[PDB]
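**Student:** Please find one structure pasted underneath; my questions will follow.
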Amino acid sequence: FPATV
Amino acid sequence: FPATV
Amino acid sequence: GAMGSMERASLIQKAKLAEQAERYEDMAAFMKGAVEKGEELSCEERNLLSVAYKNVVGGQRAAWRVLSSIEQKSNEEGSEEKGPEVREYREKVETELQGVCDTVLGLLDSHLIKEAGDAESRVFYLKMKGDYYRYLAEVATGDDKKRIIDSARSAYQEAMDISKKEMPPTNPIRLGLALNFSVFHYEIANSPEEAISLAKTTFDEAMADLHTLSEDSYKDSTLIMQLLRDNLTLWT
Amino acid sequence: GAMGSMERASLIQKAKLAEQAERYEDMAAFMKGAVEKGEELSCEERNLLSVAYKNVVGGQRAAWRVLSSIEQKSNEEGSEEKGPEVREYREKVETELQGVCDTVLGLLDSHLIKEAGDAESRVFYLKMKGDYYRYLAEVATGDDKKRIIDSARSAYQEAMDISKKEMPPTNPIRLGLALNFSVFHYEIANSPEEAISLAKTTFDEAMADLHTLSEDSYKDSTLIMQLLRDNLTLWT
Ligand SMILES: N=C(N)c1cc(-c2cccc(NC(=O)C3(Oc4ccc(Cl)cc4)CCCC3)c2)cs1
Ligand SMILES: N=C(N)c1cc(-c2cccc(NC(=O)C3(Oc4ccc(Cl)cc4)CCCC3)c2)cs1
């Protein structure tokens, strides 16, 4: 999964 | 801490 | 509210303790109680709120993905009928996830966003609103799915418009918003080109503004810039 | 019981799904529902029950230790008064932990132990009974603390007596019981010499019986034997 913050 | 199962 | 009788400051203190104990459900409950006191949140308090619910919903999302994967395999041609249990339990986790998202969205709507006038608070809350509609979109399949997606898009877009007018390109809130809106484009809106363009432009504009920063601000900004690069590497 | 309307087999299936999703609170609730159907548990089902509650209470214990550590520091000479919040929140987690322990002990008392006649079931349940009284002992400070300790000791002792009569020295249940009873001696009963003697004798008697085992049984037994050695290395 891609990075989110 | 010591190991327990 | 079961936290109605506890002091605001005690709720914030206990949220911090819950964080140290990795008790994020408690942390979220404490921060919900603090929001419901009706006062605006400071920067630290906004981040306590976000950290708590991000951890709670993050765990729910991970569980949902495991269960959805098992469910899809149970439905492949050749599988042995497992009965309704996998679907039922996926639905149970899904409903709990939707409940948490609705709770957070409710706090933002009553009344965090409407009282947020400074860019750092308003962009932060509108980013959250986009994030929690995005999590609803990840599990949505019904008559409302397009509307959920558009609610995420609209919140992210308002946050983007404010951030470009009011914050420097290295502002970590602006960067994190762009990171997440880019993921929205890639994973939710079936717009990988928009996702890639947004990540690259955000990265390049930040790069050119790093020279204005202190060492500590540089560390904060480059951390998120590396996440943008990580996603770009994943997608190209 | 909120699980009263669900099929026993569906509860067991959903416990396994909850495990795959690392949803151990759900797993424990499902297995509590299965126990409350009133039928004896198979070997696999006993381990599902134990895994679920061990993970739940393990997290509570970790959180309690963090909070107790913060609380002790707040009470050192020179600390700034933090108010009642650290104690209150430690007490909250403590009460939830005690509740989980009481729930498990209740399942063992109503009526898992009394229907358990085979050594592999009866020793397993009496070990659990010692374990959950041990967790109660870890947080106990009142008029009942010695009695809680003695309840753990008595359960472990009955389990030990059965295991030495009815199981080989390499039986993994016998080994795990001895591992945990040894930790009880060291950490709860202030009997480190007993803890060390029990671990060493258990290890040596198991070593001498490994020659009787298949490759798969050997792997199971040596795994727990290594935990005995690990503790001995910690303690000497
Ligand atoms: N956890 C607590 N007790 C507290 C945390 C904070 C705090 C205050 C300012 C910034 C951050 N930054 C962050 O957490 C990360 O970066 C962003 C960036 C953008 C956005 Cl919008 C969200 C996170 C999250 C991933 C790495 C850092 C944390 C105060 S108190
Ligand atoms: N998790 C599940 N779905 C299932 C697990 C099982 C299962 C059945 C037999 C043995 C084990 N062994 C264990 O888990 C470990 O060893 C012991 C040993 C002694 C005791 Cl008394 C308790 C654990 C725990 C630490 C390492 C292995 C697991 C069936 S289903």
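Start at 1 and count along the chain as shown; that gives each residue its number.
Technique stated in the header: X-ray crystallography, 1.6 Å.
Using the three backbone atoms N, Cα and C, a Cβ is placed for every residue, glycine included.
Just lifted these from the PDB entry, have a look:
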SEQADV    C:1-5  expression tag
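Copied straight from Swiss-Prot:
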MOD_RES   C:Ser10  phosphoserine
MOD_RES   C:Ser79  phosphoserine
SITE      C:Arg61  site 'Interaction with phosphoserine on interacting protein'
SITE      C:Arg134  site 'Interaction with phosphoserine on interacting protein'
**Student:** Counting Cβ neighbours within 10 Å across all chains shown, tell me which of the modified residues C:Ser10, C:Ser79 comes out on top.
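**Tutor:** Result for the most crowded candidate: C:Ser10.
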**Student:** Look at the recorded sites C:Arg61, C:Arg134 and tell me which residue has the greatest number of other C-beta atoms within 10 angstroms of its C-beta.
**Tutor:** C:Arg134
**Student:** Provide, as an integer number of angstrom, the distance between the C-alpha atoms of C:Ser79 (phosphoserine) and C:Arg134 (site 'Interaction with phosphoserine on interacting protein').
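**Tutor:** Cα to Cα, C:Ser79 (phosphoserine) and C:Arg134 (site 'Interaction with phosphoserine on interacting protein') are separated by 32 Å.
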**Student:** Provide the list of recorded positions among C:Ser10, C:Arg61, C:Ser79, C:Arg134 whose C-beta sits under 8 Å from chain D at the C-beta level, in sequence order; use 'none' for an empty result.
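**Tutor:** It is C:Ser10, listed by sequence.
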**Student:** Cα of C:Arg134 (site 'Interaction with phosphoserine on interacting protein') to Cα of C:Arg61 (site 'Interaction with phosphoserine on interacting protein'): how many Å, rounded?
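**Tutor:** Given the Cα positions, C:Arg134 (site 'Interaction with phosphoserine on interacting protein') is 11 Å from C:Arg61 (site 'Interaction with phosphoserine on interacting protein').
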**Student:** Would you mind reading off the Cα separation of C:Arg61 (site 'Interaction with phosphoserine on interacting protein') from C:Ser10 (phosphoserine), to the nearest angstrom?
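**Tutor:** One finds 30 Å between the Cα atoms of these residues.
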